[PDB]
């Protein structure tokens, strides 16, 4: 079966972190052999899911560019199912999908407050995993709609649980991470603890693992809400708590979710997905 040495060469990028202390790969441009992996997973006939939520004007502002870029760049050569969650189905753009892509659309109940928006999104993802996604795909990613694929975002990103390094903080010391710091919050992390600052705009894994991520995050949000507290960065704070306790088996570099407002440092060799404008 697939071994890490079959496809991952950390020595191609010695100026960055490529392996965690728990021996998870951090995937940077140049460290991965996509050809080897494409052939391995083709033989296995895997399908990959992608969930995206879009409410109100986010539909018109972002959803078409997201879908158009994902069709062009996400897991090319492998079956993909787009799970599109919107509040108004009559407003959603119908994009032409390429070979091995298809979609499903669901009408959801929008929530007014950011706390309740993220709360219901983690709950909704878990419900869909149990109802159907666990039957439909081998790997599932959950992404924010307000970003754009720029280049191939492929099977090198698959794993049991996949976290994204947040672009502004990947070089920072953990003491400075914008973790939730009040012990009243379920997302509490003490100063000095933590491995990375993960970005809630991309995460994934097998459907089983993603069910656990979302169920734990939802419980923590709920627990905070019953105590009249709102984590500093809402689901992202709880996600960071979760991945501290349940280490990801693979991490993606900021090449996979890059904010061009930062600039283009030497570390960022080829951008696969960028924050919207």
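Positions refer to the first chain, counted from 1. Here, rigid core means the biggest group of C-alpha atoms that superpose within 1.5 Å across both forms.
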Check your understanding: Core-aligned, which moves more in 5 other deposited structures of this protein: 242 to 250 or 54 to 62, by CA RMS?
Key -> 54 to 62
Check your understanding: Quick one: with the core lined up, is it 202 to 210 or 188 to 196 that wanders further in 5 other deposited structures of this protein, going by C-alpha RMS?
Key -> 188 to 196
Study note, to complete from the structure: The stretch carrying the higher mean Cα B factor in the deposited entry, 89 to 97 or 188 to 196, is 89 to 97
Practice item. Could you check which stretch, 249 to 257 or 10 to 18, carries the larger mean CA temperature factor in the entry? Key: 10 to 18
**Study point:** Member of 58, 32, 242, 66 with the greatest C-alpha B factor (per the PDB record)
**Key:** 58
Revision key, fill the gap. Listed options 138, 156, 116, 144: highest C-alpha B factor recorded at 116
Point to revise | Lowest, middle or highest third - CA B-factor, residue 174 | key: highest
Check your understanding: According to the PDB entry, is the CA B factor of residue 109 in the bottom, middle or top third of its chain, that is, lowest, middle or highest?
Key -> highest
Practice item. Quick one: classify residue 128 as lowest, middle or highest third of the chain based on its Cα B-factor. Key: lowest
Study note, to complete from the structure: Among the modelled residues of its chain, the C-alpha B-factor of residue 217 falls in the third labelled middle
**Study point:** residue 181 - which third its CA temperature factor falls in, relative to the rest of the chain
**Key:** middle
